[PDB]
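Okay, so here's just one chain, in structure tokens, the form deposited in one PDB entry.
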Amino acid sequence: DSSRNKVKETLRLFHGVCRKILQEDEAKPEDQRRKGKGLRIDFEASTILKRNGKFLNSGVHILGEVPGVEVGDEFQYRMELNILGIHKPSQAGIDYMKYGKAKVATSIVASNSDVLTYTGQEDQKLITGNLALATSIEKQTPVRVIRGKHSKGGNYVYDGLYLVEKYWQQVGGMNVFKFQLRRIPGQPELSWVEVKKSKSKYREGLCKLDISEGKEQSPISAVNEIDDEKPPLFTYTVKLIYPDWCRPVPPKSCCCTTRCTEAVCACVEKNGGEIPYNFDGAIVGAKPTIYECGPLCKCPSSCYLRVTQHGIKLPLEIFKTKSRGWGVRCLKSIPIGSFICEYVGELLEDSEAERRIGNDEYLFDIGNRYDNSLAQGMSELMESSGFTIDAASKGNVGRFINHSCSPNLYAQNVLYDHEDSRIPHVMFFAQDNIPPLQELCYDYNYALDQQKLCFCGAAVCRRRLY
């Protein structure tokens, strides 16, 4: 609830600190850098959050559901599990707590879909963690299972609550304990099961293979498992449509022959003397404006300042919701800070967009969307436009992204093929590690009374869309 938002914002803060530390290391000459030394940005970020009182459920073990943590949630670092109190050991696979005179397991990190076999702990002994997991069988107390998928992206997934049914002992060439767990009925489906079904021959609800019809480099399918509706009529466009008096003037370019770096390069200077992306392509954090290198920059395509201009990289699809029409999701998980897509449509003066008929549901009002909340919290740890994008008649997949009061995306202004700040590119970025098939949403930011109810379903919902 408030708990859900607290959890998400705590993880967001953590990754913000990680990527700021990394940004500061990447700003150094490639021998003053510590990443080789075995810099540990997750460890350092964890220490910073700890000293500033940001850990949740600290000093206590929890049996069963953890408030604000949901089945399917993903984590990049094991340390995130400790920050949230999901799983306390930094390395050990089994976490446990006192229970009556005994100890029972609270959580395991694990490397017929409701059934799981888990390997324990040079013979293994029935002590500590192994003994606790064994005791879970007798008490029939719940165990949280965190599944390791195997580096940016979700590496761990919360798969929910399980019961331990039995254990046995076998040669691993020394002796090991093995445990069989079974998922408690009534929980949301495992995300790996949902993904498996989405990859099927006969996948239910498939309406259209490609709503772009060949224009996108990768097809964007449409799925409807709710009703018989097919996707709405519109002309798919991967290119912005400019008025003629707004066609791009050649921007200032940089003379760098190698990839651009900083804390010489004009484009680094545009960004305030720093690189707004990490070297792995993820955005460090939202800013009012990001300047990418342009067509005449001497730098290679691999330039750290060339990200959103390369277009969609993720496998997107549109799908039917029960109460908000069509929305957008991704067939795989999305690492925090990843570029999603642009909001593409016709660029119009606000007055022109307003005058036109039938387009009100597909307008992106440019400007005043930078949220500096995170920048502020992080500092504690250590402009307007007269233009609108009309995607009603002509637009890309961006027109289908719904609103949420607790969104997993945000809009980011980007300039690269021109310097006209009145009409920046509107680029969406992830602000969570997003589970596969989770609906993608951002804050529409409509002012109330300039009525329509908000159906985003968040616990902190502001109740009205406008």
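Take the two forms, superpose them, and find the largest set of C-alpha atoms that agree within 1.5 Å; that set is the rigid core. A residue's number is simply how far along the shown sequence it sits, counting from 1.
There is another form of the same protein, the form deposited in another entry; it is not shown, and what comes next is about it.
Student: For the set 356, 98, 313, 332, which residue undergoes a C-alpha shift of 2 Å or more between this form and the one not shown, given alignment on the rigid core?
Tutor: Single hit from the list, 356.
Student: Inspect the rigid-core superposition and answer whether the C-alpha of residue 248 shifts by 2 angstroms or more between this form and the one not shown.
Tutor: Residue 248 C-alpha, core-superposed: shift of 2 Å or more.
Student: Would you say whether residue 142 is displaced between this form and the one not shown, judging by a C-alpha shift of 2 Å or more on the superposed rigid core?
Tutor: Comparing the forms between this form and the one not shown, which are aligned on their rigid core, residue 142 does not shift its C-alpha by 2 Å or more.
Student: For residue 367, decide whether the Cα shift between this form and the one not shown is 2 Å or greater, given a superposition on the rigid core.
Tutor: Yes, the C-alpha position differs by at least 2 Å between this form and the one not shown.
Student: Can you tell whether residue 358 sits closer to or farther from residue 390 in the other form than it does here, judged by CA atoms, where the change is 3 Å or more?
Tutor: They are closer; the C-alpha distance drops by 3 Å or more in the other form.
Student: Say whether the C-alpha atoms of residue 371 and residue 340 sit closer together or farther apart in the other form than in the form shown here, given that their separation changes by 3 Å or more.
Tutor: It is farther: the C-alpha separation of residue 371 and residue 340 rises by at least 3 Å in the other form.
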